[PDB]
Protein chains: 2
Amino acid sequence: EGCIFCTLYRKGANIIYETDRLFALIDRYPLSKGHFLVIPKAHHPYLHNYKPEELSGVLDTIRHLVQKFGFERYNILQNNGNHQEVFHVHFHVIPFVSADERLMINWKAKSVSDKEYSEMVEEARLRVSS
Amino acid sequence: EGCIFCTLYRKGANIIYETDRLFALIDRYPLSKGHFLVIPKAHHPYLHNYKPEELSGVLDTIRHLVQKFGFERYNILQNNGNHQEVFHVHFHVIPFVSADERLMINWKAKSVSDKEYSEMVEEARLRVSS
Ligand SMILES: [Zn+2]
Ligand SMILES: [Zn+2]
């Protein structure tokens with residue numbers, strides 16, 4: 001077998017929208033009605049593997065499609081090496097339909113000392129500055 | 001009270017990175033070590049409320065920061081009216097640290113008839129074409 005998204009673009013069937021750099025598909029296994037995908041034509045496993053040229057216009061295309069589809073409530077999700085099934089970057093756009101039909105996150109947030117946060121901020125500045 | 005992200009940008013403290021249109025903060029209540037936020041300076045509740053000018057460079061800035069931070073495994077998440085606490089668009093970048101320290105999604109996917117999928121694709125084409 002080879003990459004499903006490269007294969008689907010090559011086959012050229014069921015593509016709902018296309019730009020110079022991107023194409024869109026309705027998800028065959030949706031979390032919610034209207035769940036679609038915005039996908040760069042170029043193939044790399046992770047977002048940081050792309051040059052800017054290969055990723056041109058993702059958020060614009062998402063905006064364009066949610067407007068055409070009439071979606072007001074939705075989540076954008078992109079997965080790098082966590083919950084990633086397919087190793088070709090793709091952006092999920094997942095409409096909120098109802099409580100049992102939507103993106104479902106278990107948001108277990110940790111709290112930090114102010115000083116653990118001051119440290120975290122300083123460390124981030126060090127990384128940015130390197 | 002008024003918008004936390006507008007307030008935090010105005011106060012100008014703890015900003016880790018900035019571009020003409022965006023700024024970044026380390027999340028004060030992280031899902032995982034290094035969880036940060038890329039935030040447009042301009043204020044609207046939802047992604048589709050922004051013009052392209054106000055959203056310029058989000059994915060580039062995310063790429064830039066994950067590279068500076070050395071993150072290889074991470075999720076990008078943006079919430080419009082589902083699991084949204086703050087009504088000013090912000091992109092979560094959430095590193096995968098371990099199984100109990102990462103973005104946790106309950107991925108309950110539905111299956112469809114080929115013909116329910118052919119219908120879904122046709123309906124999407126109709127919406128795009130309108
Ligand atoms: Zn591919
Ligand atoms: Zn704001």
Side-chain angles (χ1 to χ4, degrees), chain A residues 14 16-17 24-34 36 46-48 50 52 55 58-60 62 65-84 91 94 96 100 102-107 109 111-112 117-118 121 124-125 127-128 130, chain B residues 14 16-17 24-34 36 46-48 50 52 55 58-60 62 65-84 91 94 96 100 102-107 109 111-112 117-118 121 124-125 127-128 130:
Chain A
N14 294 143
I16 59 165
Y17 191 74
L25 295 180
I26 297 300
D27 199 298
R28 180 72 181 81
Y29 297 89
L31 301 172
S32 70
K33 181 184 167 73
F36 68 99
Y46 315 118
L47 182 94
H48 52 274
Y50 284 72
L55 281 178
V58 171
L59 298 177
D60 286 330
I62 293 178
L65 293 174
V66 300
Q67 291 176 343
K68 290 297 171 180
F69 297 151
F71 297 154
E72 284 282 336
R73 305 158 76 182
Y74 57 91
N75 295 82
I76 301 170
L77 179 72
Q78 197 266 322
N79 300 331
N80 310 275
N82 173 20
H83 198 293
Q84 179 159 23
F91 289 77
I94 301 158
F96 172 103
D100 194 67
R102 63 189 178 102
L103 174 65
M104 303 162 195
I105 303 146
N106 186 14
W107 201 276
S111 53
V112 289
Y117 185 76
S118 186
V121 169
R125 292 181 154 145
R127 300 254 183 110
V128 162
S130 290
Chain B
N14 294 143
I16 59 165
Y17 191 74
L25 295 180
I26 297 300
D27 199 298
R28 180 72 181 81
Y29 297 89
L31 301 172
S32 70
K33 181 184 167 73
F36 68 99
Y46 315 118
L47 182 94
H48 52 274
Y50 284 72
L55 281 178
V58 171
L59 298 177
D60 286 330
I62 293 178
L65 293 174
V66 300
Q67 291 176 343
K68 290 297 171 180
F69 297 151
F71 297 154
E72 284 282 336
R73 305 158 76 182
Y74 57 91
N75 295 82
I76 301 170
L77 179 72
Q78 197 266 322
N79 300 331
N80 310 275
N82 173 20
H83 198 293
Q84 179 159 23
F91 289 77
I94 301 158
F96 172 103
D100 194 67
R102 63 189 178 102
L103 174 65
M104 303 162 195
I105 303 146
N106 186 14
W107 201 276
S111 53
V112 289
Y117 185 76
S118 186
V121 169
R125 292 181 154 145
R127 300 254 183 110
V128 162
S130 290

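Naming convention: chains lettered A, B, ... in sequence-line order (proteins, then strands); numbering from 1 in each chain. Hydrogens, waters and symmetry mates are skipped; everything else that's a heavy atom, side chains included, is used.
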Asks: Of all the heavy-atom pairs spanning B:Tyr46 and A:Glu72, show the shortest one and how long it is.
Replies: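 For B:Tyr46 and A:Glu72, the tightest heavy-atom pair comes out as CD1-OE1, 4.4 Å.
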Asks: Looking at side-chain heavy atoms only, is the closest gap between A:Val128 and B:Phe69 below 4.5 Å?
Replies: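 A side-chain contact under 4.5 Å exists here.
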Asks: Give, for atom CD1 of B:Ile105 and atom CD1 of A:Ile94, the distance between the pair rounded to the nearest 0.5 Å.
Replies: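 Those atoms lie 7.5 Å apart.
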Asks: Return the set of residues passing side chain to side chain donor-acceptor pair (under 3.5 Å) with A:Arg127 (not counting sequence neighbours), or none when no residue passes.
Replies: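 Here the qualifying residues are A:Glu123.
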Asks: Identify the two heavy atoms, one from B:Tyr117 and one from A:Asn14, that lie closest to each other, and give their separation to 0.1 Å.
Replies: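 In terms of heavy atoms, the two residues are closest at CE2-OD1, 3.9 Å.
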Asks: Identify, with sequence neighbours excluded, every residue that meets ring-ring contact (aromatic ring centres under 6.0 Å, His included) alongside B:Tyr17.
Replies: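 B:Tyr17 satisfies ring-ring contact (aromatic ring centres under 6.0 Å, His included) with B:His64 only.
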Asks: Any side-chain heavy atom of B:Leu77 within less than 4.5 Å of one from A:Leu103?
Replies: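 Contact flag for B:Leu77/A:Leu103 side chains = yes.
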Asks: Is any side-chain heavy atom of B:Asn79 closer than 4.5 Å to one of A:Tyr74?
Replies: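 No, side chains not in contact.
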Asks: Are the side chains of A:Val121 and B:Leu25 in contact, using a 4.5 Å heavy-atom criterion?
Replies: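 Sidechains of A:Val121 and B:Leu25: no contact.
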Asks: Considering all heavy atoms of both residues, which atom of A:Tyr29 and which atom of B:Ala109 are nearest to each other, and what is their separation?
Replies: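 Scanning both residues completely, I find the closest heavy atoms to be O-CB, 3.3 Å.
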Asks: With heavy-atom distances below 4.5 Å as the criterion, would you say the side chains of A:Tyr50 and B:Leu59 are in contact?
Replies: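 Contact flag for A:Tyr50/B:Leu59 side chains = no.
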Asks: A side-chain contact here means heavy atoms from C-beta on lying under 4.5 Å apart; do B:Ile76 and A:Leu47 qualify?
Replies: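 The answer is yes; the side chains approach within 4.5 Å.
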Asks: Distance-only, no hydrogens or angles: does the B:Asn82 side chain make a donor-acceptor pair with backbone N or O of A:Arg102 under 3.5 Å?
Replies: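 No: the side chain of B:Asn82 does not pair with the backbone of A:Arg102.
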Asks: I need the minimum non-hydrogen distance between A:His48 and B:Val66, along with the two atoms involved.
Replies: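 Looking at all heavy atoms of both residues, the closest pair is CB-CG2, 4.0 Å.
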